[PDB]
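**Student:**
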Amino acid sequence: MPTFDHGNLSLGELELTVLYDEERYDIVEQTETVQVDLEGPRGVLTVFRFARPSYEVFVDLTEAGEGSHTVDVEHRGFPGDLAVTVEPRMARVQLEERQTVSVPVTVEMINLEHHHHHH
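Quick note: the sequence shown uses the entry's author numbering, first residue 1, plus one each step.
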């Protein structure tokens, strides 16, 4: 008889999206990337595996002003029915009258290995 000890799948490291307007403040400090891991039922992991990545993490910080502020990162895209594990979930964002922000966006691409016959 087979046995399974639940299931888990890492969604990867997501881009930290900060929602703001360019008439308010500019980004001095923030978090670069956060990792989201999902554990839970094998069945659900299979269902989600049919859909290509559409999950994103973002926070609306149009209320935040000068100084550094920490907020909890909100989740969207993936069905948060499973156990949602996150690496840092509290992010530090410093908003200050605009200067000159640069975008350090790391896209990154995954590869689906599983076919056991590479050679």
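Cβ coordinates follow ideal geometry from the N, Cα and C atoms, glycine included.
CA-CA distance, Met-90 and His-118?
**Tutor:** C-alpha separation (whole angstroms): 41 Å.
**Student:** Start and end of the beta strand (DSSP E) containing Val-28?
**Tutor:** Here the beta strand (DSSP E) through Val-28 covers 26 to 29.
**Student:** Counting only the same chain and skipping the five closest in sequence on each side, list residues whose C-beta sits under 8 Å from that of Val-18.
**Tutor:** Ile-27, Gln-30, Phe-58, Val-59, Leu-61, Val-93, listed in sequence order.
**Student:** Which word fits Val-73, buried or exposed, when buried means at least 16 other C-beta atoms lie within 10 angstroms of its C-beta?
**Tutor:** Buried: at least 16 other Cβ atoms inside 10 Å.
**Student:** Please return the same chain residues whose Cβ sits closer than 8 Å to the Cβ of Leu-14, not counting the five positions on each side in sequence.
**Tutor:** Within the same chain, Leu-14 has close Cβ partners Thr-33, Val-34, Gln-35, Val-36, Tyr-55, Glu-56, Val-57.
**Student:** Would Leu-95 be called buried (16 or more neighbouring beta carbons within 10 Å of its own) or exposed?
**Tutor:** By the neighbour-count rule (16 or more Cβ atoms within 10 Å), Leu-95 is buried.
**Student:** Take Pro-88 as the anchor and find which of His-75, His-114, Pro-79 has the nearest alpha-carbon.
**Tutor:** When only C-alpha atoms are compared, the closest one is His-75.
**Student:** Could you say which of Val-86, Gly-12, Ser-10, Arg-42 lies nearest to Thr-3 if we only look at CA atoms?
**Tutor:** Comparing Cα positions, the closest option is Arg-42.
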